[PDB]
Amino acid sequence: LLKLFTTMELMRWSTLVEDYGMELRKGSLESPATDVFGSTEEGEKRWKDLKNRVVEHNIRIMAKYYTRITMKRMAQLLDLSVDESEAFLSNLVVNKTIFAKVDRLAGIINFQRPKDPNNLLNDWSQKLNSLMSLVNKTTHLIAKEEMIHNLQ
Amino acid sequence: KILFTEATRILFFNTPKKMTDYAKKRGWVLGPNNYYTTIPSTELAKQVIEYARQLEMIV
Amino acid sequence: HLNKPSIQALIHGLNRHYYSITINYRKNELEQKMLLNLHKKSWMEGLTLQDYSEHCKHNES
Amino acid sequence: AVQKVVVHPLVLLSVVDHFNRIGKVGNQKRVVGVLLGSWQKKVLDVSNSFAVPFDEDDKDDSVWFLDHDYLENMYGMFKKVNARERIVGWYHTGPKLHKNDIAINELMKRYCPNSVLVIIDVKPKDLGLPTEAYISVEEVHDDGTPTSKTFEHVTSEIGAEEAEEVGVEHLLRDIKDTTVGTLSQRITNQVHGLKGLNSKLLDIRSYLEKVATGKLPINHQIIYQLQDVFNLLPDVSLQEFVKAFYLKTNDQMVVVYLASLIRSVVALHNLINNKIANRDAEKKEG
Amino acid sequence: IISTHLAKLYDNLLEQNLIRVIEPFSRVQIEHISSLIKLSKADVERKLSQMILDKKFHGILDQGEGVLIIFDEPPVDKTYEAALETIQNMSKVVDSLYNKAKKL
Amino acid sequence: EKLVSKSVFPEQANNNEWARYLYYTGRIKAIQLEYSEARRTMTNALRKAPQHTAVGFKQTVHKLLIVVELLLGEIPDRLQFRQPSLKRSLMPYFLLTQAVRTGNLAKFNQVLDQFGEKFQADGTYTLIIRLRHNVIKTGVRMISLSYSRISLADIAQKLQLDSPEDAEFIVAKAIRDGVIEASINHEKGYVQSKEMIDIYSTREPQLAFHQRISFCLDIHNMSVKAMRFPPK
Amino acid sequence: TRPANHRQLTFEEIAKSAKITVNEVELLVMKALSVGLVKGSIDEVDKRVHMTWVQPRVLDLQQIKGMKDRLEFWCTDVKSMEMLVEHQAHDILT
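Residue numbers (the deposited numbering), protein chains in the order written: chain W, 305 to 456; chain d, 281 to 316, 337 to 359; chain c, 183 to 243; chain Z, 5 to 290; chain X, 318 to 421; chain V, 268 to 499; chain a, 283 to 376.
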């Protein structure tokens with residue numbers, strides 16, 4: 305569970321329960337139920353809290369490795385209704401840690417402010433003088449293969 | 281796109297056959313349901349080179 | 183007589199104890215072309231664009 | 005180790021002088037000497053060098069001579085002259101690496117552990133090849149290949165300190181230089197950049213010709229870096245880059261209207277003043 | 318002096334609520350913002366119109382469908398600001414040159 | 268006109284002669300129906316026309332540019348109907364323009380009957396015939412500038428065309444020329460105009476700026492060539 | 283297979299090709315980014331994936347020849363524009 309909450313890749317809440325829920329909400333024979341996720345009132349509070357934490361971990365990992373996600377689709381990819389997911393993403397963005405901007409029909413999650421002309425030509429010029437790794441490419445094709453040119 | 285019926289009505293070809301012949305005479309075709337850029341980077345590059353030329357080569 | 187002796191050297195005995203011999207620098211074309219590489223930038227900066235944001239700020243100034 | 009190797013425009017002249025003084029009769033076409041210099045665990049700069057008596061025989065490229073006590077003696081003399089430079093690497097002409105390069109490097113690794121080959125190209129000085137500096141590395145050939153040595157290229161710069169660069173300038177001061185970049189010189193620089201790009205293109209194409217027909221072995225990291233570089237090419241399509249028209253016309257504002265109209269007005273102002281001045285000169289003369 | 322002052326405070330706090338929210342959103346229905354803010358459609362529409370008209374909150378209202386849009390105005394325009402004023406500056410220069418021509 | 272096409276005017280010719288030639292070719296192409304180039308040329312000539320003198324010249328040029336403009340649909344600026352040296356002289360043409368902008372056939376007919384001698388006096392009676400027959404195109408022009416989309420029934424109502432088919436034919440003829448840019452959707456009845464795309468990021472500013480900077484470069488080069496230093 | 287002419291791959295292509303559900307393309311793309319083989323991004327709204335990846339492969343000598351031809355095309359484009367600029371600027375190059 306800590307792997308699926310630490311490494312990348314989406315956190316499927318449904319299989320999250322189907323793989324760890326006999327073990328979070330219930331008590332395992334090896335280890336009894338945690339006092340944080342029992343049927344107690346604080347347990348259910350943390351239960352909905354994690355139902356929103358899958359939302360925020362999803363949001364963070366997509367912020368590093370997604371561009372856009374649709375409101376219905378991400379809602380079912382975190383197994384909530386649209387409105388509460390919007391509210392929680394609002395809490396994630398207001399405290400200045402997540403970039404997002406939501407439309408009624410788009411709900412894109414990115415600030416790609418979208419790459420301004422100055423910045424996008426800066427990226428292109430970078431990749432062009434990163435394409436000047438072609439000079440390393442040709443000097444290495446002549447050097448590391450010149451110890452082959454003398455070896456034929 | 282212009283419909284077959286209204287085209288026949290407004291093309292002043294009283295015979296629909298005449299309208300069809302005048303339609304084939306042009307490339308303006310019937311339609312399925314009866315319902316009839338880049339940065340060239342050369343000419344502009346020539347332009348900027350010309351500007352540089354007018355700056356250089358003395359008067 | 184193409185070059186003039188200096189006052190400093192003249193006071194310190196030039197043209198009285200020693201004469202200044204004209205100095206000529208033997209520099210063939212090969213050495214010139216090799217020295218030209220000191221400031222020959224590259225084939226890259228002839229194609230490397232200046233930073234667009236810095237370009238805009240320079241233009242505004 | 006070293007992310008950059010700086011070659012002063014003195015060791016270059018030293019190599020040229022050595023090559024000339026040898027090739028007066030020394031048609032070996034390649035001469036080997038020792039290059040000193042201040043040694044850093046950072047960017048390396050070569051401040052001086054001397055020429056050791058090197059002999060090579062074309063038979064099997066395995067019989068050769070390098071008088072090492074001469075190396076030590078000359079280094080002692082340089083220490084007496086200036087103890088600051090320490091043995092750093094070596095040089096040889098004949099831009100095509102021979103077979104004894106790596107063996108000579110192993111020989112010279114005792115006097116300095118991080119010995120670097122610094123090849124000096126003498127005759128071919130067309131576009132972009134003043135020098136190429138190499139360093140031996142201890143890897144067989146790759147993760148799963150037999151043993152070799154495979155000198156490693158290090159980025160080289162030609163840089164000078166004060167009181168050496170001034171000698172270069174005085175040696176220069178032909179119609180060359182003009183450090184300030186006029187529009188003419190900048191366009192010439194762009195043309196030279198295109199020419200260099202095309203030359204590198206022809207070089208890589210030639211190697212790929214030699215590999216495709218089987219004359220040269222497929223070298224896996226080479227092919228990998230190819231696939232990377234042709235993957236790395238940008239796309240002028242995807243009409244978000246094409247919205248560079250924004251900045252192109254923004255430039256056209258400052259080049260087209262401001263400076264050009266100002267220049268035209270200035271030229272007209274210079275014109276009318278002459279026309280008054282000529283008129284006044286005429287009047288002073290009926 | 319307390320009706321006016323508290324009315325001003327109510328308007329200001331309405332503004333603070335409307336900016337502290339809608340920061341997450343870039344395109345949100347007026348119905349959503351009104352239900353989250355508990356005003357009538359017409360009153361909140363007038364308030365948003367006043368807010369944008371005062372340039373307090375950058376955006377524009379598409380009542381043809383009934384949505385509020387958000388954007389920003391890039392300040393690169395300073396170069397054109399200099400350009401136009403320099404244009405009429407050179408125009409006055411040209412006028413003085415015209416007078417100098419009248420001298421000829 | 269035929270002589271004009273095979274004769275190239277010298278660029279070095281003096282300003283007033285250039286203005287005269289521009290006026291003559293503009294009249295030729297205005298009575299030759301090249302209205303866009305006509306108005307461009309008369310605007311150029313008025314820019315080259317003397318400010319103080321040539322009152323008759325500027326009066327004739329103003330009259331013909333007025334008729335050319337409203338034939339093309341453009342409304343002449345009222346200020347040129349206000350200077351004392353032109354006011355009463357264009358007063359016949361001022362009443363002409365009043366009738367054209369109002370577009371009422373009754374006042375139009377009364378203005379024609381009252382000022383036809385002035386209309387032919389400038390060789391514009393046929394020109395004012397085409398004017399009387401292009402006022403409708405002018406009306407359609409402001410109608411389409413004001414409205415992104417408009418039903419042809421609404422066109423006939425605002426223009427008094429009395430028929431949707433007549434409105435369709437007239438608007439089709441008008442949109443044939445470069446007066447109105449639109450995209451007629453006969454599936455529903457739209458006259459949806461072309462999307463007003465951003466002029467920036469459209470290469471149009473680049474072309475306009477290229478032409479202008481070329482003009483400035485030629486001006487600078489000619490100025491630097493015309494320094495003309497004396498011998499002594 | 284697609285030489286960046288149409289980079290945007292619809293989820294139907296990955297679904298039929300990789301024999302997966304369109305719910306799992308995003309997961310496997312994320313895994314591939316995480317390990318370090320590809321560095322693309324996902325557009326769920328239009329069901330597309332952008333790919334800018336730095337993982338090469340062995341290259342099948344016929345593919346060596348094809349990439350040689352591509353290099354030839356781009357190098358002759360470079361040469362042609364070099365002659366164009368040289369001819370247009372011959373007055374200034376001197």
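The C-beta atom is built at its ideal place from N, Cα and C for all residues, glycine as well.
Chain X within 8 Å of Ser429 (chain W), Cβ atoms only: For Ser429 (chain W), the answer is no, since every Cβ of chain X falls outside 8 Å of its Cβ.
Which two residues bound the contiguous alpha helix (DSSP H) that contains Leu187 (chain Z)? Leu187 (chain Z) -> alpha helix (DSSP H) spans 187 to 216.
Spatial neighbours of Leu331 (chain X) within its chain, please: C-beta separation below 7 Å, excluding the five flanking residues on both sides. Here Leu331 (chain X) has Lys364 as same chain residues with Cβ atoms under 7 Å from its own Cβ, once five neighbours each way along the sequence are excluded.
Looking at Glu356 (chain d): is its Cβ nearer than 8 Å to the Cβ of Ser188 (chain Z)? Yes, the pair counts as a contact, with Cβ atoms nearer than the cut-off.
C-alpha distance - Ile193 (chain c) paired with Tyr201 (chain c), whole-angstrom precision: A straight line joining the alpha-carbon of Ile193 (chain c) with that of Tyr201 (chain c) spans about 13 Å.
By how many angstroms is the C-alpha of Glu227 (chain c) removed from the C-alpha of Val11 (chain Z)? When only Cα atoms are considered, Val11 (chain Z) and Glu227 (chain c) end up about 20 Å apart.
Listed by chain order, chain d residues near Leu187 (chain Z) by CB distance under 7 Å: Near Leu187 (chain Z) (Cβ distances below 7 Å), the residues of chain d are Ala352, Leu355, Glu356.
At the level of alpha carbons, what is the spacing between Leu201 (chain Z) and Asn219 (chain c)? One C-alpha to the other measures close to 18 Å.
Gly383 (chain V) by DSSP, collapsed to three states: which one? Note: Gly383 (chain V) maps to helix in three-state DSSP.
Do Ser356 (chain V) and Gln381 (chain V) have their C-beta atoms closer together than 8 Å? Not a contact, by the Cβ cut-off of 8 Å.
How about the region 410 to 422 of chain V and the region 386 to 393 of chain V: do they share at least three Cβ pairs that are nearer than 8 Å? Of all C-beta pairs linking the region 410 to 422 of chain V to the region 386 to 393 of chain V, fewer than three are shorter than 8 Å, placing the two stretches out of contact.
Exposure label - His372 (chain a); buried when at least 16 CB within 10 Å: By the C-beta density criterion, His372 (chain a) is exposed, having fewer than 16 other C-beta atoms within 10 angstroms.
Do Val47 (chain Z) and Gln7 (chain Z) have their C-beta atoms within less than 8 Å of each other? Yes; because the gap between Cβ atoms is below 8 Å, this pair is in contact.
Between the region 348 to 372 of chain a and chain d, which residues of the former have CB atoms less than 9 Å from a CB of the latter, in chain order? Those would be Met363, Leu366, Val367, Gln370, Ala371, in chain order.
Taking the beta strand (DSSP E) that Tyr261 (chain Z) belongs to, which residues open and close that run? Following the DSSP letters along the chain, one finds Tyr261 (chain Z) in no beta strand (DSSP E), marked with neither H nor E.
In the structure shown, what three-state DSSP assignment does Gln377 (chain V) receive? Correct three-state label for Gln377 (chain V): helix.
Measure the Cβ-Cβ separation of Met315 (chain W) and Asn362 (chain W) and say whether it is below 8 Å. Cβ atoms of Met315 (chain W) and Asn362 (chain W): closer than 8 Å.
Could you spell out where the beta strand (DSSP E) holding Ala391 (chain W) opens and where it closes? Looking at the DSSP string, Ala391 (chain W) is not in any beta strand (DSSP E); the run it does join, the alpha helix (DSSP H), is 386 to 398.
Which residue from Z:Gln44, Z:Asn235, Z:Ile124, Z:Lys103 puts its Cα closest to that of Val320 (chain a)? Nearest of Z:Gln44, Z:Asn235, Z:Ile124, Z:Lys103 to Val320 (chain a), Cα basis: Z:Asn235.
Nearest CA to the CA of residue 262 (chain X): which residue from W:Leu393, W:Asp383, W:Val398, W:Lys355? Because chain X spans 318 through 421 in this model, residue 262 (chain X) falls outside it and cannot be assessed.
Counting only beta-carbon separations shorter than 8 Å, does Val260 (chain Z) have a partner in chain X? Chain X contact via Cβ: absent.
Just to confirm before moving on: does the CB-CB distance between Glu449 (chain W) and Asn223 (chain Z) stay below 8 Å? The answer is yes: Cβ separation under 8 Å.
Run through DSSP, which three-state label would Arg408 (chain V) get? The three-state reading of DSSP puts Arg408 (chain V) in helix, counting H, G and I together.
Output, in sequence order along the chain, the residues in the region 236 to 263 of chain Z whose CB is closer than 7 Å to any CB in chain a. Taking 7 Å as the upper bound on Cβ-Cβ separation, chain a lies near residues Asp239 of the region 236 to 263 of chain Z.
Reference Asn422 (chain W), options Z:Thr159, Z:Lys279, Z:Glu244, closest by Cα: For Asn422 (chain W), the closest of Z:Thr159, Z:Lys279, Z:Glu244 by C-alpha to C-alpha distance is Z:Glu244.
What residues in its chain sit with their C-beta under 7 Å from that of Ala312 (chain V), if we drop five residues either side in the sequence? The beta carbon of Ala312 (chain V) is closer than 7 Å to those of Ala286, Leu289, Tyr290, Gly293, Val328 in its chain, skipping five residues each way along the sequence.
Does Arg408 (chain W) get closer than 8 Å to chain X when you measure Cβ to Cβ? Yes, contact with chain X.
Rounded distance between the beta-carbons of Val120 (chain Z) and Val92 (chain Z), thought under 8 Å: Between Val92 (chain Z) and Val120 (chain Z) a beta carbon distance of about 7 Å is seen, short of the 8 Å cut, so the two are scored as contacting.
The beta strand (DSSP E) that contains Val9 (chain Z), what's its start and end? Per DSSP, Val9 (chain Z) belongs to the beta strand (DSSP E) from 9 to 11.
Contacts that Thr342 (chain d) makes with chain a (C-beta to C-beta distance below 9 Å): Among the residues of chain a, those whose CB is under 9 Å from the CB of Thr342 (chain d) are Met363, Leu366, following chain order.
Looking only at its chain, what residues have a beta carbon closer than 7 Å to the beta carbon of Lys307 (chain W), apart from the 5 residues adjacent to it on each side? If we look at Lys307 (chain W) and ignore the five residues flanking it on each side, it has no Cβ neighbours.
Exposure label - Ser51 (chain Z); buried when at least 16 CB within 10 Å: By the neighbour-count rule (16 or more Cβ atoms within 10 Å), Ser51 (chain Z) is buried.
Considering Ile139 (chain Z), what are the terminal residues of the beta strand (DSSP E) in which it resides? Residue range 135 to 139 is occupied by the beta strand (DSSP E) that includes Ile139 (chain Z).
Check each candidate in W:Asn395, W:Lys400, W:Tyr370, W:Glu360 and name the one with the smallest Cα separation from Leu382 (chain W). The option with the nearest alpha carbon to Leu382 (chain W) is W:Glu360.
Taking any Cβ of chain W, which residues in the region 201 to 232 of chain c have a Cβ under 7 Å from it, in chain order? So the close ones are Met226, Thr230, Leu231.
Terminal residues of the continuous alpha helix (DSSP H) containing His319 (chain V)? Taken as a continuous stretch (DSSP letters only), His319 (chain V) belongs to no alpha helix (DSSP H), as it is neither H nor E.
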